[PDB]
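Trainee: Everything below, folded, please.
(one chain, ligands or ions: 3)
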Amino acid sequence: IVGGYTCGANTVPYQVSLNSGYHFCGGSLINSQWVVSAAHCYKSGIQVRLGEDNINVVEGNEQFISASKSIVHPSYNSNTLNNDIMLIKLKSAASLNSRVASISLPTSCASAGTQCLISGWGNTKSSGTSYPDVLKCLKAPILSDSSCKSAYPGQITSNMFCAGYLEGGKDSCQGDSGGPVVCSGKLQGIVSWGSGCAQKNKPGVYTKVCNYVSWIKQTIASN
Ligand SMILES: *[O-]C1=C(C2=[C][C]=[C][C]=[C]2)[C]=[C][C]=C1C1=NC2=[C]C(C([N])=[N+])=C(Cl)[C]=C2[N]1
Ligand SMILES: [Ca+2]
Ligand SMILES: [Cl-]
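Mentor: Residues are numbered from 1 along each chain as shown. Ligands and ions are numbered 1, 2, ... in the order given. Please see the structure below:
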């Protein structure tokens, strides 16, 4: 997260770190046994780390659980990143409490101007790499479809939306991918891609979760 602030330990109880010996992507807990992340964060040997704040120190509240299976969306297109969503089932259910809680799936899509909270352990520099130890937060609004398409002509599908600041300076970045964009307490986006980080007129693009609720529910119900 570039230009964001320290969330404060466990104030984002649904945030998870996907770990394969280092933190590589974020995710969101949606029930005690499933996490939603982005398709391009897929890999084998994933350990989901819940209740984290400093990812380099065991401070207490952490729950480390192995993924039993990862389900990348069947129509995921690695070239366009269209349908960039993945569900991860945990080997055992997580013990939920105040520090580890799930976030709700939306019932409707959000409108432009909605203010949302984006978090993660991704890079904090737009020019260079500086990864933080604790979780960072950023409040950012959803942009209009016209501004998003004007910024990324030909690359935005109906399963994507832009959120951010066109002036640059504040944005999500590498390491944040797969994590949550929460608006009014509902998970509305998944950090997916963008041109650089915090560059002027190049906001972040997020997977539009409202378009996948039936798919998430049907898939969870059959697995
Ligand atoms: O997410 C990544 C990755 C990556 C993806 C999956 C596993 C390991 C690494 C590599 C390089 C860049 C990114 C990335 N940059 C970036 C920028 C923005 C942005 N400008 N807002 C967003 Cl939303 C998402 C990502 N991911
Ligand atoms: Ca820790
Ligand atoms: Cl277009």
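Trainee: Going by C-alpha atoms from here, please, whenever you check contacts or count neighbours.
Mentor: OK.
Trainee: which of the residues in stretch 50-66 are buried?
Mentor: 50-53, 55, 62, 64-66 (16 or more other CA atoms under 10 Å).
Trainee: List of residues touching it?
Mentor: 8-10, 13-17, 23, 45-49, 90-92, 94, 99-100, 133-135 (CA atoms under 8 Å, 6 or more residues apart in numbering).
Trainee: now for the longest helix that the chain contains, which elements pack on it?
Mentor: Across the chain, the longest stretch assigned as helix under DSSP state H is helix 213-222. Counting contacts by 3 or more CA pairs under 8 Å, 6 or more residues apart in numbering; DSSP states H and E, helix 213-222 is packed against no other helix or strand.
Trainee: and that helix, C-alpha only, in PDB?
Mentor: In PDB, the C-alpha atoms belonging to helix 213-222 read as follows (Å, rounded to 0.1, in the frame of the first residue of the first chain):
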ATOM      1  CA  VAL A 213     -21.600 -14.000  -5.500                       C
ATOM      2  CA  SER A 214     -23.800 -16.900  -7.000                       C
ATOM      3  CA  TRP A 215     -20.600 -18.500  -8.400                       C
ATOM      4  CA  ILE A 216     -18.900 -18.300  -4.900                       C
ATOM      5  CA  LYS A 217     -22.000 -19.700  -3.100                       C
ATOM      6  CA  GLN A 218     -22.500 -22.500  -5.600                       C
ATOM      7  CA  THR A 219     -18.900 -23.500  -5.700                       C
ATOM      8  CA  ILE A 220     -18.700 -23.500  -1.800                       C
ATOM      9  CA  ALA A 221     -21.900 -25.500  -1.600                       C
ATOM     10  CA  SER A 222     -20.500 -28.200  -3.800                       C
END
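Trainee: Going forward, count from 57.
Mentor: From this message on, residue numbering opens at 57, which makes the last subject helix 269-278.
Trainee: Any idea how many residues pack against residue 176?
Mentor: Residue 176 has 34 neighbours, counted by other CA atoms under 10 Å.
Trainee: so which of the buried residues of stretch 106-122 also contact ligand 2?
Mentor: 108, 111 (CA under 5 Å from the ion).
Trainee: nearest to ligand 2, of the buried residues of stretch 106-122?
Mentor: residue 111 (4.1 Å; CA to the ion).
Trainee: where's that closest one, which helix or strand?
Mentor: Assigned by DSSP states H and E, residue 111 belongs to neither a helix nor a strand.
Trainee: So which bits of this protein are right by ligand 3?
Mentor: Counting by CA under 5 Å from the ion, the chain sits next to ligand 3 at 209-210.
Trainee: how does this protein divide into domains?
Mentor: 57-68+159-266, 69-158+267-279 (curated CATH domains).
Trainee: thinking residue 220 is in contact with residue 229, fair?
Mentor: No - using CA atoms under 8 Å, residue 220 is not in contact with residue 229, being 11.6 Å away.
Trainee: Now do the shared contacts for those two.
Mentor: By CA under 8 Å, 6+ apart, no residue touches both residue 220 and residue 229.
Trainee: Report the separation between the residue most central in space within the chain and residue 136.
Mentor: For the chain, the residue sitting closest to the mean C-alpha position, by CA atoms, centre = their mean, is residue 235 at 1.5 Å. Per CA to CA, to the nearest Å, residue 235 is found 19 Å from residue 136.
Trainee: residues contacting the closest residue to residue 123 other than its chain neighbours?
Mentor: Residue nearest to residue 123 in three dimensions, not counting chain neighbours: residue 146, with 4.5 Å by CA to CA, 6 or more residues apart in numbering. Contact partners of residue 146, counting by CA under 8 Å, 6+ apart, are 89-91, 104, 121-125.
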